[PDB]
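Before any questions on binding or motion, here is one chain by itself as C-alpha cells, the form deposited in one PDB entry.
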C-alpha cells in the first residue's frame, strides 16, 4: 500500500513454483525445530538427578521440649495451681517450644506405697476439670503436654525402695488412664533406682505406641557412662533418654567433639535427645560465660533439645540468697523474688531481657525459630571435621536446601579457625565465602559474607555461618 505491493501483483508473482516449496520447507523446518526443543526439554528433565523423600517426622522432631518440674516456683506463690499455668502459654509460644513436660501432679503423700495414687490429682494443684481445660487450651496453641509419672517424687529413693512390682503395676494402669484423658506422652525419671529397668520400659513403650504412633515416652537417668546408656537402648530404639552424658566435662572442645561423635557412632545415627541433665538447669554445670555456646550447640545438633524452665534467661539458683536448688523462683518481673527486696536486677528478669537484642532470651528466640523452620536443621545430615586446636566445627545439610556451618570455641584464647575440611562429601563441600546469621558475642554485624580462610575467633565465640547448595 504505502511501502509495499498490492493484492494482484503479489498473487501473480508470489504464486510461482519454488516460492511455494520455500514456504512449505520453512513450515516443516519450524515444526522440526519445535520438536527438537521438546526433545531437548525432555532429555534435560530426565537428566536431573532426583529429589529425596522426606522422613515422615513426628511432632517432637520439630523443636524443643520445656521441662517445668515445680509448678509452684514457675508462676509464684498464691498462683501455683494448674489454672494459672494457662496464662503463660502465650509466653511459651514465643519460645516456640513444641512440648511441655509438666511435673508430677499426682497425689503422693510420702514413702508409704499404699496411700499414693497415680490416677488422682493432688488438691494443691487443682482437679481433673482444670486439667482438661488446660489440655484443650494448649491444643489450640499448638503445644503438646507430657506428664511426669514418677511415683515417689517427695522422697529420696524415687521408686519406692521396698519392692518393685506393685509400684510398676500402677504405672501400667496410669498410662492407659491418662492416655484416655488425652495427654501426648509420659516421662519417668531416676530409672537407675528401678529394679529390672530395661524390661519395663519396653512394656510401657509398647502400651504408649499401641495407643497411637504419635505418643512419646521419655526416660531419665543420672548416668554418665556410655555403655549403661547403650544397654538401656538395646531393645528400645524409639525411646527418648535424657541423661548426664554431657554434664561430665568440656573444658576443651576436643572432649565435647569426641563425646558427641562417639555417641552418634555407637548409636548408629539414630534420633536422640540432647540435654545436660534430667532435671537440672544449665547454670548448675556451666559458668556464666559458656551459656551462649551451649545454647548454640544444643539447637544445632541432630536430635531433640530439652531444657528446664529458666534456661532461656540463665536462671541461676546460687546467685541469690536462701533457696532450694531443685526449685528456683522464676524471675518474671522485677517484683518476683519477694524477700530480700533489692537482690534481683534488670538483666536478670524476663521482661528486662525481652527488649535487649544482645540478651540471652533474644538468642534463645533467634535459635528456636531457626530450629523449627529450616529443613536442614529439622532432619539434616551431620558432619564434623578437623579444625584448630580447641574448636568444634560441623555442618548440617539435608538435600538441596540451605547448608549450615557451626563453629564453636571452647577455650580462653583467641584462635584462628583453619577449617581444613578434606573429608566432607562432595555434595556438601565447603564454599569459598559463607554468610553470617548470628554470633554469641557483640561486635559483629550480621548478614555480610566472610570467607573461611583467615577466620578469627575471640574467646567463647560461636558462629552460625550458612551457604547454599552449589557446585
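Residue numbers count along the first chain shown, from 1. We call the rigid core the largest set of C-alpha positions that still match within 1.5 Å between the two forms.
The same protein also has a form deposited in another entry, omitted here; what follows describes it.
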Across 432, 426, 54, 29, the single C-alpha shifting 2 angstroms or more between this form and the one not shown with the core held fixed is at 29
Core-aligned, is the CA shift for residue 447 between this form and the one not shown 2 angstroms or more?
-> no
Threshold 2 Å Cα movement between this form and the one not shown for residue 12, core superposed: yes
